[PDB]
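Note: hydrogens, waters and symmetry copies are ignored here, and every other heavy atom, side chains too, is used. Chain naming here is simple, since letters A, B, ... match the order of the sequence lines and numbering starts at 1 in each. First listed ligand is number 1; within each ligand, the first listed atom is number 1.
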There are 2 protein chains.
Amino acid sequence: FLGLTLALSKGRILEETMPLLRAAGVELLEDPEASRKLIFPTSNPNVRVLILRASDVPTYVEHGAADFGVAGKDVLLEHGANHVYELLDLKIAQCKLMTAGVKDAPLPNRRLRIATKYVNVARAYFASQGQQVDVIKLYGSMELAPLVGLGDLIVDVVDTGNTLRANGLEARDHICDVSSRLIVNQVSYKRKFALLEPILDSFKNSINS
Amino acid sequence: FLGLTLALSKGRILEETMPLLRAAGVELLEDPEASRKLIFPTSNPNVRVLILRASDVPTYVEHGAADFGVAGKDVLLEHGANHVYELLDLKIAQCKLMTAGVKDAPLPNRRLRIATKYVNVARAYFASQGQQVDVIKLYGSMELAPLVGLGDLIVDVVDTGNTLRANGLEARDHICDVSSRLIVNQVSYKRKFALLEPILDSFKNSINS
Ligand SMILES: O=P(O)(O)OC[C@H]1O[C@H](OP(=O)(O)OP(=O)(O)O)[C@H](O)[C@@H]1O
Ligand SMILES: O=P(O)(O)OC[C@H]1O[C@H](OP(=O)(O)OP(=O)(O)O)[C@H](O)[C@@H]1O
């Protein structure tokens, strides 16, 4: 495939990216949410879309299996963004990385154990608080961990806070704001700039309003 | 909670475990597939169920956040089973760990790159073939990886083989057979044996027929 391959993920990233794509002249020809297919043509024959797990977007873009992609800052921080270029903050799929635990549970006076998917972000954040923590790696449902006593806190993304509230948890610390970012393969940026440029300019214009 | 906490995962593990549980006198009181809730009472007041991501079952059981659980051999091999006891092969959710690639694609004469979730299993398998491979860690949709040239092969579970066939891929090597296994926390095994024992005996009896 000679053109550009764009990496997206299902849910909020797909939904909130599509209007940027539309204004940039790119529209999907069916709903990826309703297909098991993974590669999708678009209204532009030079652009195709990969639908990936959010955690795999940086990986595909880094290796050049996608030329560019839309990834959450949370995923970028966790994966490491040293081998892609972060070109734009798209200001979509906004949320916060936070620490949380059982409401009014006292913290134990010992090395804390942090149940989380975000092991690198947990370690770096807690290091900034003077804290060398243990991490317990999980793949999902962080909110259960404090209810069964797995770790002392979690680190997870919080949007409305409804998940935390539904489970008797409250945010302890705000780590950072998260939004989806446009990332580009370091070589594709150089080799396919004439294809990327009008799309980047459109996105940038769109984000201003 | 004084009783036993059982870790399960959604889909085939939940579906195929429920009959064993029923024969052991444990029935869920609603369908976990239709709830966002994670802890579930059962017909037995001494048994509750956690619904977890399959990859987190060994973790919860290891730490004692669950006393026992049902995990796929694939997950156990990848996570490491050195800090739980594998008590039974339940013979449910049967599948195979396999290597696969694009159909009739020749392997490149260099260090292979293996796109997979199963990074430890990929490295150990290929080591047995005299091969020190690079791994590219992914979280899902392994079948896409060879279609976009991310890695040379994948390692993933194969059941019917329909996923591979739908994507123009074929299995190259059979790594091992996979089935769901009953695992127990090493301390719970010792402290809660009188609760576990009749349930284990029931499962063992059930698996014989
Ligand atoms: O603060 P809230 O508005 O309750 O949202 C927080 C949830 O969002 C994230 O999940 P993600 O968005 O990846 O998928 P989900 O919302 O479908 O769980 C995260 O894992 C929390 O479960
Ligand atoms: O050989 P097949 O019968 O096509 O099945 C193989 C699929 O099964 C596994 O997924 P899992 O069972 O975890 O969930 P899924 O089947 O819903 O993808 C694996 O990740 C493959 O995608």
May I ask whether atom 13 (O) of ligand 2 is less than 4.0 Å from at least one protein heavy atom?
no

Protein heavy atom under 4.0 angstrom of atom 4 (O) of ligand 2, is there one?
yes

Heavy-atom pairs closer than 4.0 Å: do any link ligand 2 to the side chain of B/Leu164, the backbone, both, or neither?
neither

Less than 4.0 Å between a side-chain N and a carboxylate O, is that true for B/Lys96 and B/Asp177?
no

Is a side-chain donor or acceptor of B/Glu33 paired with a backbone partner of B/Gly11 at a separation under 3.5 angstrom?
yes

So is there a nitrogen or oxygen of A/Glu143 less than 3.5 Å from a nitrogen or oxygen in ligand 1?
no

How far apart are the C-alpha atoms of B/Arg12 and B/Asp159, what are their side-chain angles, what is the distance that settles it, and do they pass the salt bridge (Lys or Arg N to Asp or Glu O under 4.0 Å) test?
CA-CA 12 Å; B/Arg12 284 174 74 206; B/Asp159 176 2; 3.1 Å; yes

Checking the N or O distance criterion of under 3.5 Å, is ligand 2 in contact with B/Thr163?
yes

Tell me, yes or no, whether the heavy-atom count around A/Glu27 atom CD, taken from other residues, nucleotides or ligands under 6.0 Å, exceeds 12.
yes

Contact bool for atom 16 (O) of ligand 2 (protein heavy atom, d < 4.0 Å):
no

If the cut-off is 4.0 Å to any non-hydrogen atom of A/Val157, which atoms of ligand 1 fall inside it?
6 (C), 9 (C), 19 (C), 21 (C)

So if I count the atoms of ligand 1 from 1 in the order they appear, which ones are less than 4.0 Å from some heavy atom of A/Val158?
1 (O)

Residues, nucleotides or ligands: over 12 heavy atoms within 6.0 Å of A/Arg110 CZ:
yes

Could you check atom 2 (P) of ligand 2 against the protein and tell me its nearest heavy-atom contact, residue, atom and distance included?
B/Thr160 OG1, 3.2 Å

A/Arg36 N/O to ligand 2 N/O under 3.5 Å:
no

min-distance protein heavy atom vs atom 1 (O) of ligand 2 -> B/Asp159 N, 2.8 Å

Could you state the interatomic distance from NZ (A/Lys204) to CG (A/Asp89), rounded to the nearest 0.5 Å?
10.5 Å

Between B/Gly161 and ligand 2, is there a nitrogen or oxygen pair with a distance under 3.5 Å?
yes

No-hydrogen, no-angle side-chain donor-acceptor test under 3.5 Å, B/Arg172 and B/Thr99:
no

Among side-chain atoms of B/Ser179 and B/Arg181, is any donor-acceptor pair under 3.5 angstrom?
yes

Please check if atom CD in B/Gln129 has more than 12 non-hydrogen atoms from other residues, nucleotides or ligands closer than 6.0 Å.
yes

Can you find a protein heavy atom closer to atom 20 (O) of ligand 1 than 4.0 Å?
yes

